[PDB]
Every structure is written in C-alpha cells, then in structure tokens.
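As structure tokens, the structure follows; a few thoughts come after it.
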Amino acid sequence: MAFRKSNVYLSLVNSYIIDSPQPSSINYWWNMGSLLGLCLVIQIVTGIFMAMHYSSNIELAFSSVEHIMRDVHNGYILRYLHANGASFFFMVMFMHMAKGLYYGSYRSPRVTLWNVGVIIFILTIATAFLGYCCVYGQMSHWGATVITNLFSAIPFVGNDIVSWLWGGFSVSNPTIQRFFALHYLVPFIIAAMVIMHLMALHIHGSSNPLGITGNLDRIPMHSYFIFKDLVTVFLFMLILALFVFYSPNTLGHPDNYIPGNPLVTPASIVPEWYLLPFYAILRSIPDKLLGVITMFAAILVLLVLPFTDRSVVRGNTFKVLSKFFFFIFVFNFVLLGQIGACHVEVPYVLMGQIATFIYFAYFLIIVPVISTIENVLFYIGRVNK
Amino acid sequence: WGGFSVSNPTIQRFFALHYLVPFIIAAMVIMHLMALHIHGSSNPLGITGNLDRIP
Amino acid sequence: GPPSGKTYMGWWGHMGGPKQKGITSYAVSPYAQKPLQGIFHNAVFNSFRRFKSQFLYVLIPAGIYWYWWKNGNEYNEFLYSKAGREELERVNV
Amino acid sequence: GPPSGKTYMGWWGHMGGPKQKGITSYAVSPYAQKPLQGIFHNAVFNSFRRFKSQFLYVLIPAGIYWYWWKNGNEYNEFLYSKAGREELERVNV
Amino acid sequence: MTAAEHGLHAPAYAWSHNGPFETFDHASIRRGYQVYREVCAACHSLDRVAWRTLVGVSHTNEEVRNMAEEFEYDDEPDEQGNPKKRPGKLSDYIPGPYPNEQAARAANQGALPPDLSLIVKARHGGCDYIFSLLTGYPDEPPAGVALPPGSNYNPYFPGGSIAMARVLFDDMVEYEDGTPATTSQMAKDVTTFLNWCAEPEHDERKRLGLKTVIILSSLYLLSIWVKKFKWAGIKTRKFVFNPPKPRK
Amino acid sequence: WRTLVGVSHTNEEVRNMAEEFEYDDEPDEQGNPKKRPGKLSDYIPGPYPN
Amino acid sequence: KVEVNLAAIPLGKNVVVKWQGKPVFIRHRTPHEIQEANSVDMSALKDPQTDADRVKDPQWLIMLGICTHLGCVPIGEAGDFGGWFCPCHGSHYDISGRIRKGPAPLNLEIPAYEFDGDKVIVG
Amino acid sequence: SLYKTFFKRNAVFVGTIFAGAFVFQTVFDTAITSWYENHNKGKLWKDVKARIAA
Amino acid sequence: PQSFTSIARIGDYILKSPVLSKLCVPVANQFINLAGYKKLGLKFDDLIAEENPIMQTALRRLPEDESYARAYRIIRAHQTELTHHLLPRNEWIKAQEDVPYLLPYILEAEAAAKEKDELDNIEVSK
Ligand SMILES: CCCCCCCCCCC(=O)OC[C@H](COP(=O)(O)OC[C@H](O)COP(=O)(O)OC[C@@H](COC(=O)CC)OC(=O)CCC)OC(=O)CCCCCCCC
Ligand SMILES: CCCCCCCCCCCCCCCCCC(=O)OC[C@H](COP(=O)(O)OCCN)OC(=O)CCCCCCCCCCCCC
Ligand code: HEM
Ligand code: HEM
Ligand code: HEM
Ligand code: HEM
Ligand SMILES: COc1c(O)c(C)c(C/C=C(\C)CC/C=C(\C)CC/C=C(\C)CC/C=C(\C)CC/C=C(\C)CCC=C(C)C)c(O)c1OC
Ligand SMILES: CCCCCCCCCCCCCCC(=O)OCCCOP(=O)(O)OC[C@@H](O)COP(=O)(O)OCCCOC(C)=O
Ligand SMILES: CCCCCCCCCCCCCCCCCC(=O)O[C@H](COC(=O)CCCCCC)COP(=O)(O)OCCN
Ligand SMILES: CO/C=C(/C(=O)OC)c1ccccc1Oc1cc(Oc2ccccc2C#N)ncn1
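Residue numbers (the authors' numbering), protein chains in the order written: chain C, 1 to 385; chain N, 166 to 220; chain H, 2 to 94; chain S, 2 to 94; chain D, 62 to 309; chain O, 112 to 161; chain P, 93 to 215; chain I, 5 to 58; chain G, 2 to 127.
So this is what it looks like as structure tokens:
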C-alpha cells in the first residue's frame, strides 16, 4: 500500500483529513468546527509570546500590560489579536452549537460527541474569566469580587471555599498570582478534550442537512472540503484583521483602562458581551443560593436534549413548527444579553424573569410537546382510515 | 538574552518556556506508547515471544 | 489489537448501506467546462427564493422581540423624566 | 477505518507464531500451595551463582577504571605540594 | 436613571485623524504640548510617557534634551552612602507635580486629579468627551441646582458637579507658529496631544493594516474561483434509474 | 519577629524587643513622612542603610 | 488584626483603615451623640435593631462600611443629619449607618473589636 | 508552451512561488508607503520640521 | 423515541371520531405541503431515522424491488440538495404515491420486541 496508510503516524493523518468519507450534501455550516481549531492555535501562540513579558504581582500587573503595548516590538499586535481573538472564538462556538440544535446532531448515535462538547464549553468560559482577571483593571477587580462572593451561600462549606479561592480575606495579591497560573494550564486541558472529541466523531462520521443516511454517496475530504475550508478561513482572517487594525477597542469596556481600586466602586459592573445572557439569568432570582444554582443549570440543561426530543425524524428541515420555535429561542438569547447590560430598573426586572422562564421551558416543555404533535400530523395526513 | 547579558528579560522568558516544554514531553510520550503497541516488548533471551504470553 | 464495537458507518468498499442495482451516473471533466457560469441565473432568481421561502419563520419571531424591547425602553425613559415622576414612586413599592 | 500495515505481533487467538502440536502443560492453584517457600534454597545457593557466574565481566572493567582514577588523583596531589613544585613549572609549559 | 445622573451626550466633531487612512496632525500635537506645560501640569501628572518618545513626533533631539534638563532626579548614593541628585535625560519619564496622593488631595480640597496618560481611552466618548468638558462650563448653573461649596457645574460630567473649575480663557498662551489662542483652539490642540499619549502606535497601525487587508482580500477572492473550479464535476453530475428484472 | 515566639522567647518578650526600633509609617494628611515603633509583623533590622 | 491604643484617636477626623481590605469609617465619638440615634424609632425600618445592639460602649463608636451591594465609599460629614453619603445610589448614611434614607433596608456590620484593658483590637 | 515553462516543473513551482514572493515584499511595501504619505501630506513631522526651521 | 405503536394508537382514535377528523385532518394536509419533502422526490418513510435495531430489522425484510427504488430516491435527493435547486414539477411525488410502505414491517418488529420483554421480566403464582 501507499506510505500514508502504512506508517503509524501518517495513517492517523490520512484517516482524518485525507481519505475520510464525507456526505456530499453538507453546506457551509459544517465548516465552523475547523475554524474553532484555528482559533485555539491563535490563542495559544499569542499567549506564550505575551507571557515572556508579563508580571503577575498585583503592584505590577497593570503596568506590565502597558509595557507590552508601548515598549515591546509589535507588542500592540500581540495584545489586540489576543483580546479580539477571544471574542471571535465565542462567536464561532455559538454558531457551532446552534447548528447542532437545528439539525439534530445531539441524537443517537452521537450522544457521547455532544456530551464532550458541553465539557469544552464549560472550560472555555472558565478560561476567559481567568484571563480577564490578569489585566487587573477596574472591571477586572470588581467582576472577580462579585463572582467569587456567590460561593459563600453554599451551606456548611461556603465560607471556607471562598477564602480558599482568595488565599486571604479579599481579592488581593495571592488571588492574581494563582489566577495567572491556572490561566496557563486550562487551554492545555481543552486541547486534550478536543482530541477526545475527534475520536468520537471518527466512529460515526458527520450528519447531513437532510437528516437521513449518508452511506450511499460519499466523497473524500482531500481537495474538495480542503478547498471549501480555505474560503471560510480567509474570510475569518479578513474580518478579524479589520477589528485588530482599524477598531481595536469596540468590543471592550473603557473602565478596564483604569487600574484596580478596592476603595472605589464603578457606576456599572458589566461583563464582556459573550457572558451577558448568563449574567441576566443570575440577577433574576432574588435568593442568593438559588441564583447561583440556576446560573450553572443554564449550561447543564443542554444534556437533557437527547431525552426530551420525541420525534422520529432527525433535524428541523421538514418541520414548520420546530422551525418557528427554534428562532423564538434564538432571539430570546439576544434579549437576555441586552437585559444583562442594563440597570436593575422597572421594567427590565420583570422582562428578565419572563425571558429566563422561556429559556428553560424550551428544553423541558416546548420540545417534547411540539415534536409529539408533529409525529401525529405526519401520520393522519397520509393514512386512509 | 533579550538584551546585552543575562538580565531581567532573560529570566522572565525562561520561566514561560519552563511551563510549556513538559506539555510537549507529555505529547511525545503518547507517540512513544503508540509505536510500542504495534510490536510489543522484547524479552531478555532476545528471541520471539509470540509462543507464550500472559495478560 | 482487539476488534471494535458495532457502528453505523464503514470505509471505502464496505460503507454499510443497502445494495445498489440499476443506477447509472455520468460526469464531465472540469477542464472541459465553461469557467464561472454562476453569478447570473443564481442572483437573478435562485438567491431570492432560497430565503424568501424561509423568511417568515425568522421575521415573525424577530418582530415580536423587537416590539417588546422597544416598548420597554420607552417606558423606562418616561419613568425617569419629569412627567413620569409620580408613577415612579408607585411602581417602586 | 482503513486496515493497517503488516507487523510481527497479533492478538489473542491470532498471535502469529508457529503451529503447536504435541505439548501438554500442567499447573496448580496458588490457593493450594505453601505460603512463601522463598527465602531459603534461594539465598542458600541460588542468589550467589546468579551474579558470581557474571561478576568477572563487571569487576575487571571496574578495577581498570578505579586504578586509573586513583593514580591520577595522587599525582595531582603531588604537583601542588611543596615537593612537587619543580615538576609543576615543567608540565604547565 | 435620570439624564443628569448619566451626563449630557457629547456630539461628534470632524477630527482629522478620524478615518482608516488618516494620521495625526503633528503640528497640532506640538501646540498641544505647550498647553500641557503652561496650564495642565500644575495639577496633572503624565507618568507613562518617556522623554525619548517625543523625538521625531513633535520636537527635535536637542529640543527634548533641554526640556528634560530643567528637572532633577534621584541618583545613586556616593561613596559614604548619602543620596544625590542629577539633571534629567532622555531615558527618564516626565515628572508630576506632587510627591504622593495625600499631598495631591490637600492642594485640591480633597479631590484627586487623575493621571492623563490614558484618559482618552478610559472614558466613553473619547476625544469628543474631553473636548466638550473643557469648553462646556456655563456662566451659572440652571435654576434650582444648588452646588456644594468647592464644586462647579458642568453638564457633561455625570451628576453635573465637578471638582475642577474652568481653566481655559482667551489668549492665555503665546504660540510659536502664530496661531490665535482662543478657547476652542487650545482645547482642540491639547485633546490631540492626549490622544497621541494614549495611542502612540496609531500612525504605524493604520499603515500596517492597509497591507494586511489588501493581501487577505486577494486570497479570499482567489479561493472562491479555485473552489468553484474544483467542484464543477460534482455539481453537474446526472443519475438515471432503470428498474432491474425480478427473480434473482 | 513573630517567628521567635514559642521557639526561644514568650509573646510579651518579643513585643518589648521589637519596640526598641523605629520603622517607616504612612504619611500624614499633608503628605510628610512619619515613624512608628516596631511590631511582630516587622522583620529584624540591620545596622546599615545601604 | 489591628491594635491601636485608645488615646491616639481624634474625634472630628477620620481614622479609616483598609483592615483586611475593608474600609472601616470609624471615629472617636465622645458622649454628645449617643442620643442622636433613638429619635427615629423602628416605625420606619425593617430591622429589630437599637443602639444597645449597635455598640457595646457609648464612648467609642465603631462600625464597618463596604456596601450591602458592591462597596462604594462616602464623602465625609456631608449628610442629612450628622452622617455620610455615597453618591452611588442615593446612599444617605446617618450616624452609625442606618439606611432606609435611600433604597437599602439592611445595615451592614459591626467589626469584632475587643478590649483586654485599654487596648482595642479590631479583628 | 507556457504551462510547461511556468507551472509544470514542480522543482520550481514550489520554487517560483517561494522566489516571486521575495521580490514581492519590497515592491509592495514601497508602493503603499508612498501612497499613504502622499494622502497625508502637510501633517507628518517631516512636513512640520521643514518650516519650524525658523 | 416515541414508538410507532403509540403514534398509531393516537392517530386511529382521531380518524374514527367524526368531529375530530373534521378539525385535525385539514390542518395535517397543510402541514405536509409546507414540509416540502415531496418536491425533492421523497416519500415520508424515506425520512425515518434508521440507526436503531427496530429499523434495521424492518429494512432487512423489505422486498428487493422496493429496496432498489428507495436507494435511488435518497441518492437523487442528495444531488438536488447540493445544487440548491428543486426537481422539475413533473417529477414531484403525488399524494396518492405517498403511501406508508415501511409501516407494517415496523409494527410487526415492535410487537415481537414487546412480547420478548414481557416474558423476560415475569412473575408466577402457584
Ligand atoms: C464571525 C466571523 C466568522 C467569519 C466566517 C463565518 C461564516 C459564517 C457564515 C454562516 C455560514 O457558515 O453559513 C452560510 C450559509 C450559506 O450556506 P450555503 O452552503 O447554503 O450557500 C452556498 C452558496 O449558495 C454557494 O456558495 P459558493 O461556494 O458557490 O460561493 C462562495 C461565496 C462565499 O461563500 C462563503 O463565504 C460562505 C460563508 O462566494 C460568493 O458569495 C460569490 C460572490 C463574492 O448562509 C445561510 O445559510 C443564510 C445566509 C445568512 C447567514 C448569516 C447568519 C450569521 C449569523
Ligand atoms: C447555551 C448556548 C446557547 C447557544 C444559542 C446560540 C444563539 C446564538 C445565535 C447564533 C445564530 C445562529 C442561527 C443559525 C444556526 C444555524 C443552523 C440553521 O439555522 O440552519 C440554517 C437555516 C436553514 O436554511 P435552509 O432551509 O436553506 O437549509 C435547510 C437544510 N437543507 O438557514 C437560516 O435560516 C439562517 C438564518 C440565520 C439568521 C439568524 C440571525 C441570528 C442573529 C443573531 C445576532 C447576534 C448578535 C446580535
Ligand atoms: C483558549 C485560550 C485562551 C483564551 C480564551 C484567553 C482569553 C483571555 C482574555 C479574554 C484575556 C483578557 C484580554 C483583555 O481584555 O485584555 C486574556 C489575557 C491574557 N492571557 Fe489569555 N486566553 C487564552 C490562552 C492563553 C494562554 C495559553 C496564555 C499563556 C501562555 C495566555 C496569556 C494571557 C496573558 C499574559 C494575558 C494578559 C495580557 C492581556 O491582557 O492581553 N492566554 N486571555
Ligand atoms: C474548541 C472547541 C471545538 C472544536 C475544535 C470542535 C470541532 C469539531 C469538528 C472539526 C467537527 C466536525 C465538522 C463539523 O461538523 O463542523 C465537530 C462536530 C461536532 N461538534 Fe464540535 N468542536 C468544538 C466544540 C463543540 C461544542 C462546544 C459542541 C456542543 C455543545 C460541539 C458539538 C459537536 C457536534 C454535535 C458535532 C457533530 C455535528 C454533525 O455531525 O452534524 N462541539 N466538532
Ligand atoms: C519520559 C520518558 C519515557 C517514558 C514515560 C517511557 C515509557 C516506556 C514504557 C512504559 C515502555 C514499556 C515498558 C518497558 O520496556 O520499560 C518503554 C519501552 C521502551 N523505551 Fe521508553 N520511555 C521514556 C523514555 C525513553 C528514552 C529516553 C528512550 C531511549 C533513548 C526510550 C526507549 C525505549 C525502548 C527502546 C523501549 C523498548 C524496550 C523493549 O521493548 O525491550 N524510552 N518506554
Ligand atoms: C487644560 C487643562 C486641564 C485639562 C485638559 C484637564 C483634564 C482633566 C480631565 C480629563 C479630568 C477627568 C474628568 C472626568 O473624570 O471625566 C480632570 C479632572 C480633574 N482636574 Fe483637570 N485638567 C486640566 C487642568 C486642571 C487644573 C488647572 C486643575 C486644578 C487647579 C485641575 C484639577 C482637576 C481635578 C480636581 C479633577 C477631579 C475632578 C473630579 O473628579 O470631580 N485640572 N481634569
Ligand atoms: C469529519 O471529518 C473531519 C472534519 O470535517 C474536520 C474539519 C477535521 C478537522 C481537524 C482539526 C480542526 C484539528 C483540531 C485542532 C487542534 C487539535 C489544535 C490543538 C492545539 C495545539 C496542538 C496547540 C499547540 C501549539 C503550540 C505547541 C505552539 C507553542 C509556541 C511556541 C513553541 C513558541 C516558540 C518558542 C520560541 C522560543 C521561538 C477532522 O479531523 C475530521 O476528521 C474526523
Ligand atoms: C493535506 C493537508 C493540508 C491542509 C489541511 C490539514 C493541515 C493540518 C493537519 C491536521 C493535523 C492532523 C489531523 C488531526 C489528527 O490526527 O488528530 C485527530 C486524531 C487524533 O485522534 P485519534 O487518532 O483517534 O487518537 C489516537 C488513537 O486513534 C490511537 O490510540 P492511542 O492514541 O495510541 O492511545 C495510547 C494512549 C495510552 O493510554 C494509556 C496508556 O492509558
Ligand atoms: C498527543 C496527541 C498525539 C497525536 C498523534 C498525531 C500524529 C502526529 C504525527 C504528525 C505527522 C508526523 C510525520 C512522521 C513522519 C513519518 C514517521 C517516520 O518517519 O517513522 C519511521 C522512521 O522513524 C523515525 O525516525 C520517526 C521520526 C519521529 C517523528 C516525530 C515527529 C519511518 O520508517 P517506518 O518504515 O518504520 O514507518 C512505518 C511505521 N509503521
Ligand atoms: C474577572 O471578571 C470577569 C468577567 C468577565 O467578563 O470575564 C470575561 C466579569 C466582569 C464583570 C462581571 C462579571 C464577570 O464575570 C462573569 C462570570 C460568569 O460566569 C459564569 C458563566 C456561566 C455560568 C456560570 C458562571 C459563574 N460563576 N458569568 C458572568 N460574568
């Protein structure tokens, strides 16, 4: 045989990106997974080169980042590609998960592939939280104060988890030094989960936008989907370059250019845009212990979808009622992000409580009821009785 | 050096490289165990082991 | 190594679908075809029906949520002005 | 997946050796044996011949290198004393 | 919140560095430094700017050497161990008017004037907010507003009560190139100088971005042609079904 | 100073030893520097300034 | 822990410390304002609190000051009747901090301050 | 024929895309810098120093 | 997930009711025409997900002349989808051709698996 199939290390390359059989009818939504692999390489490589110039002491952390912007050769390119690249990583990941909801990719036999992806999403959220602390701006200090104080409401162990997380009595110098060391490590755990994610995908292959079997017409990966992947790689890099060079502070907050002061509270404490819907869910529960449980339940409720979908058809292509309620769920997610950036005022308090209910009722009430009705309408529209 | 001698930019870049290379070592160990799974281990007599194996 | 478990996809030659009989296919080399014959007859009629047979599943949920956000933003603006001062003490109870 | 290349080891049932015929083996359960008949008849005679049929391949190279290091250490000690001062200018030329 | 607690919105002015192909106006940067030395520097520090960064941007090399030699800095102690002083050089940073924070609050009735090295990027509004604050002091507050003693009214400040007074008046600075020094001219020049202090890479970043966008646009348009060429055999494929004969 | 307690001296013996040296303090409301006697958090001082 | 002895504290000026990262707005009280806190009864506020549960000892007034929500700091001696005011929220503080002169009904905290004989230990 | 003199011999089809890219860097950087400075004439420091000579 | 025995039990109850078959049956005809699978040349039983043991049993027992015709309809629908077109209107599936050809094989395999499960977890009494 050829050397790409007989060698021990090249046969893994050949069976994944060269000779792997793809369904002939997948569209451009199936290109988001390879863009996420490019984003992870960009975040790791710009991370190492900035870490050669960074100091994690609380007296030196803010001035180290200003030293990178002013004194390091091409240092402003390294930071702006890193900060804007984190926002592009979350946008591609949101579209990748929404493709899986629409086409039914979570269903059997791909449940293990969907469960490993939910773990990856949790680790990415924790990574971006720890890197934002390392700036030690004014939004960095008070955002870490709000989130770490949530864990003291846990019964019997709460007041000792928080001081074990602080290394002291508040957010201080041991907190920033341990948060930078954890920030180095978790992207390497993410890279190992991506390898386990690709092993489960190799077993069954990909789905297709019609929802039915792809075993009857396959084309190989090399020179068809390699060149289709190049179209979205160059479009991604062009839009990212327009943000890095021409508008580099649009997706950030101007309060993060003030150094962290534990005696002055800002007028508004706002997270980054990709964490705003989970911030509005937390502020809609008045009790403090039930608010942090509901905040973590908003991620873990993705695991109930293989059991609450009752349809005998995979995907949303031929279902008009499931199409309508999918886009109700999408614009509800955008509204929750907008409520999370407002003040706690009338009428945004009641609007956030209704939108929180609609988020959880989609997974647990709407999907099993609508998919049961669509099973029966397909039957009685054909059977003569 | 990042400069004219061993100085402050040298120590800061040496600690960042020191964090990284043990993770490259861990990936080479996985490639080391894949090549071992193909042929198995040798034995102290130097001859074939295919006639008597234990799990 | 040991043999694996039972899956629903194979490889080239044993892919795992039903048996095929009676289907013929034809194709022409790309080197013998006309270069780039799409922007027209695809932006004429094809790239309008592909979304405007689908536009009503997107814009009815978009119009519901845009009407709800715009109505709540004008009510918050009224409550913190001079004319909406008396209603503001009533609804913060 | 694709089939692999040709190796020199298989798995249980198809390990890849020659065909066996005519060999019988016997074994007894460990629960029915004496506990720890080990330290005597093995420290008596067995753990002396296992290295003293091998000791001469180790101790002849060890005696060569220990004689060489000890001889050079005494010559360096002589050169930096009072009595070896005159030889020291001669050999540092 | 009310409109007074948020602050009045700052309008958009036609700054000559707005746009993807524009650089700073370097004559406006040079006049802006003169407004800093004669007005602002009595109470504000500029701690993140070194003297060497002004060479080739607003001043010549021997002009900056004479400017830094009018301040004295700490030196290494002598052979007995007593401290010394020395005049400044190009490696030094521009010094501030106060030794510590407690002396700064004691000279300004308890208020602390912030460092201005990053003030354009640290406020919502940017150059438009800094310009509207300086030229936006009314002669008296609106009817009903009672300011505490020691504060002043400015509608662009959130809350309306600011601890700094109006500092710019007509013809308080004599310019070198002969520009008339009105209130609107001096506020425009010092805002341009403060934007360079926050973004010194600005002229280089826009030149490097033009090369990157042109190269990445060409690679995007070429990949569409190459993908459509290599897919044309699959896209025009045709199928025909003839039902097989039974009994097999 | 705190490391000597329970090893070689009692707690009030070390408090009297550290109170015979003066350390730098935070400046006053005008910004002028001050001094203060030592405590158990301080380190043992040396005989030379540099 | 913080140990400051009794005679050094002034009455009209503030000895606010950032002890353990808490701003602690405290005072030497003297007697002239131990009856400036019973005049508003509990008929306006939700907590069963009175001055006997506020302070141990009417000579020395000490209470801790972050913010029932986030933590901003007030301006000194500019209040409605003998108190403080952060412009955070309308956060109007009286003597020893009883809000419900704005939105927040809960009052914050008393630090663990202890006498072992003319020696107060905040902690 | 101009396929076989430019893109057949793939000892230099890897080569010419590796050598045409070397001279491409200096011509491209000279053309953009000249356009960028002419669009912003009268605002650079070299246009300022030419009449702050006094 | 929902079995076809449960779908047929609900659906046959509606079709026998003279008042429920006047309300739901006009709504079901508009639902199928808006789905659009017939414009790609498919019947509904081509759309059923097959990666489960009940559906693999029913596909083995299908007669071979119907198995050849099912394979051609699936292949033709994949080629039409990648060109972003529809079939010509004279090649659409008509309503009198959209019959449940696979449904009796599915219901027979479901009843045999239910009887086996009841005999494997069973009680006795003297
Ligand atoms: C954020 C930074 C990441 C940047 C890269 C991410 C790209 C995300 C875009 C979303 C996506 O991936 O799905 C795209 C989908 C179209 O999928 P399709 O296969 O059915 O269309 C094949 C086409 O007919 C032939 O496309 P063809 O291959 O013939 O030509 C390529 C085309 C550009 O293609 C692309 O760039 C794909 C993104 O070139 C031209 O337009 C020629 C004129 C210059 O579009 C749709 O289904 C609906 C359209 C609107 C979607 C926007 C929603 C965004 C939230
Ligand atoms: C806990 C995490 C929760 C994650 C939730 C994620 C929410 C983030 C929002 C992501 C938006 C992604 C929506 C689209 C998802 C892709 C899947 C999809 O909807 O299919 C494409 C759809 C189908 O089109 P066809 O009918 O032609 O194809 C059928 C197959 N033969 O064709 C279409 O209709 C495409 C139309 C897309 C319009 C969507 C507008 C979204 C606006 C969001 C703006 C957000 C920033 C403000
Ligand atoms: C999945 C990978 C990563 C993500 C999502 C991520 C995210 C972030 C974010 C959001 C910030 C704050 C940026 C800002 O607003 O200024 C940040 C800062 C930082 N990160 Fe990362 N990061 C990743 C990987 C890494 C790695 C692997 C390293 C080091 C080896 C690293 C080093 C740094 C440093 C030094 C900073 C501070 C400098 C700065 O503010 O840009 N990052 N990171
Ligand atoms: C760093 C993060 C990730 C990487 C690198 C990655 C990579 C990939 C790739 C390359 C594919 C195959 C091509 C494709 O369908 O796009 C894929 C498929 C898939 N991924 Fe991810 N992924 C990531 C995160 C996630 C997340 C967060 C989820 C869900 C919560 C997820 C769920 C899935 C599913 C269900 C599929 C199968 C889609 C199908 O077959 O139709 N992945 N992934
Ligand atoms: C972190 C470093 C390493 C790890 C974890 C590792 C691990 C292992 C393990 C578990 C085995 C099988 C069991 C055994 O024979 O002991 C093995 C075999 C082997 N290793 Fe390593 N090894 C490492 C470094 C090295 C190095 C530095 C060399 C040589 C330069 C090497 C060469 C070999 C060879 C030749 C074998 C086969 C031995 C035989 O089959 O008789 N390894 N290794
Ligand atoms: C042209 C001269 C000056 C400029 C451009 C300038 C600029 C600024 C800016 C941008 C702020 C921040 C406003 C904000 O927080 O939004 C500020 C605050 C302040 N400045 Fe000025 N400054 C100048 C001169 C002065 C002078 C001469 C004094 C004192 C005699 C002064 C005292 C203060 C004080 C006390 C504050 C803090 C006010 C507060 O926080 O309420 N400044 N200045
Ligand atoms: C269904 O068919 C498919 C399919 O559709 C796709 C898209 C893929 C696509 C595959 C991918 C997208 C790969 C996934 C991406 C990763 C696993 C990236 C992992 C990240 C890393 C390995 C990061 C490592 C980075 C470094 C080591 C850089 C370190 C920096 C250094 C050394 C600085 C240099 C130091 C000095 C001193 C100069 C398939 O494999 C596949 O088959 C299953
Ligand atoms: C033509 C290309 C041009 C451009 C396009 C692409 C360019 C970029 C190249 C992409 C990089 C290569 C492709 C990705 C790849 O190979 O990784 C995914 C495959 C890894 O998964 P795996 O092979 O299943 O794991 C590996 C497994 O299959 C085998 O098991 P094993 O790992 O041996 O377990 C040993 C661990 C022991 O564990 C213990 C000891 O407990
Ligand atoms: C931790 C995740 C691990 C993921 C593993 C993914 C695989 C990554 C490999 C990427 C491609 C590497 C190309 C290898 C080149 C061909 C291998 C080879 O030359 O093997 C040998 C020569 O041996 C070597 O020198 C190994 C080189 C070390 C490579 C370390 C990077 C080729 O000779 P051989 O005939 O034995 O090949 C058949 C093997 N079955
Ligand atoms: C250090 O501050 C980090 C912030 C940030 O945005 O990081 C990227 C942040 C800033 C201000 C306010 C809050 C901030 O952090 C966060 C953190 C956060 O975390 C979760 C997200 C989803 C589910 C659970 C949690 C938690 N905890 N959800 C929302 N905001």
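For each residue, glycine too, the CB sits at the ideal point set by N, CA and C.
Query raised in the report: Which chain S residues sit within Cβ distance under 9 Å of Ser11(C)?
Result: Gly2, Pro3, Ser5, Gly6
Requested in this report: Please name the residue, chosen from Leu151(D), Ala73(D), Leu177(D), that lies closest to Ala103(D) on a Cα-to-Cα basis.
Outcome: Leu177(D)
Report task. Give the secondary structure of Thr25(H) by DSSP, where H, G and I count as helix, E and B as strand, and everything else as coil. Result -> Shown here, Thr25(H) sits in a strand according to DSSP, grouped into three states.
Query raised in the report: How about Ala200(C): is its Cβ closer than 7 Å to a heavy atom in ligand 9?
Result: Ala200(C) Cβ: outside cutoff for every heavy atom of ligand 9.
Query - Enclosing beta strand (DSSP E) for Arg147(D) [first to last residue] - result: 146 to 148
Query raised in the report: Given that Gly211(C) touches chain G, what residues does it touch there, using C-beta distances under 8 Å?
Result: Per Cβ cutoff of 8 Å: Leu48, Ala50.
Query raised in the report: For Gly186(D), which residues from the same chain have a beta carbon less than 7 Å from its beta carbon, with the 5 sequence-adjacent residues on both sides left out?
Result: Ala71
Query - Straight-line gap, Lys17(G) to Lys323(C) (C-alpha atoms, nearest Å) - result: 30 Å
Query raised in the report: So, does the CB of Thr37(I) fall closer than 8 Å to a CB anywhere in chain D?
Result: yes
Query - Enclosing beta strand (DSSP E) for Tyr134(O) [first to last residue] - result: 133 to 135
Report task. Using beta-carbon positions only, say whether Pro148(O) and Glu124(O) come within less than 8 Å of one another. Result -> no
**Report entry** Proximity winner among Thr84(D), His67(D), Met62(D), relative to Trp257(D) (alpha-carbon distances)
**Finding:** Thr84(D)
Requested in this report: Let me know the secondary structure DSSP gives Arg119(P) once reduced to three states.
Outcome: coil
Report task. Name, please, each residue of chain S whose Cβ falls closer than 7 Å to the Cβ of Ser6(C). Result -> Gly6
Query raised in the report: Can you list the residues of chain C that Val165(P) reaches, using a CB-CB cut of under 9 Å?
Result: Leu263, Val264, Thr265
**Report entry** Cβ-based contacts, 8 Å cut-off: residues of the region 79 to 102 of chain G near chain C
**Finding:** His79, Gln80, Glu82, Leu83, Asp99, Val100, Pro101
Requested in this report: Kindly indicate which residue of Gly315(C), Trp166(C), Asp255(C) has the alpha-carbon position closest to the one of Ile212(C).
Outcome: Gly315(C)
Query raised in the report: So is the beta-carbon of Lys99(C) under 7 Å away from any non-hydrogen atom of ligand 2?
Result: yes
Report task. Have a look at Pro3(S) and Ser6(C) and give me their C-alpha separation to the nearest angstrom. Result -> 10 Å
Query raised in the report: Does the count of Cβ pairs from the region 360 to 368 of chain C and the region 297 to 309 of chain C closer than 8 Å reach three?
Result: yes
Report task. List the whole-angstrom C-beta distance separating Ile26(C) from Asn215(C), where the pair is believed to meet the contact cut-off of C-beta under 8 Å. Result -> Between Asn215(C) and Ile26(C) the Cβ distance is about 14 Å, and since that is not below 8 Å, they are no contact.
**Report entry** DSSP beta-bridge partners of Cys178(P)
**Finding:** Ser183(P)
Query raised in the report: Is the shortest distance between the beta-carbon of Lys288(D) and the beta-carbons of chain G less than 8 Å?
Result: no
Requested in this report: Could you tell me which uninterrupted alpha helix (DSSP H) segments, each at least 4 residues in length, are contained entirely in the region 94 to 178 of chain P, listed from first to last along the chain?
Outcome: Taken in chain order, the whole alpha helix (DSSP H) runs of length 4 or more contained in the region 94 to 178 of chain P are 143 to 146.
Query raised in the report: Which parts of the region 18 to 50 of chain C are runs of the beta strand (DSSP E), unbroken and 3 residues or longer, counting only runs that do not cross its ends?
Result: 21 to 23
Query raised in the report: DSSP three-state call for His79(G): helix, strand or coil?
Result: helix
Query raised in the report: Beta-carbon of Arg283(C) versus every beta-carbon of chain H: anything under 8 Å?
Result: no
Query raised in the report: Quick one: what's got a C-beta closer than 6 Å to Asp255(C)'s C-beta in the same chain, skipping five residues either side?
Result: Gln138, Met139, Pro266
Query - Sub-8 Å separation of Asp172(P) and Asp186(P) beta-carbons - result: yes
Requested in this report: Tell me where the alpha helix (DSSP H) around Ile55(G) begins and ends.
Outcome: 54 to 61
Query raised in the report: Between which two residues does the beta strand (DSSP E) harbouring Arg218(C) extend?
Result: 218 to 220
Query raised in the report: Does any residue of chain G bring its CB to less than 8 Å from the CB of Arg308(D)?
Result: Taking CB atoms only, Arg308(D) has no neighbour in chain G less than 8 Å away.
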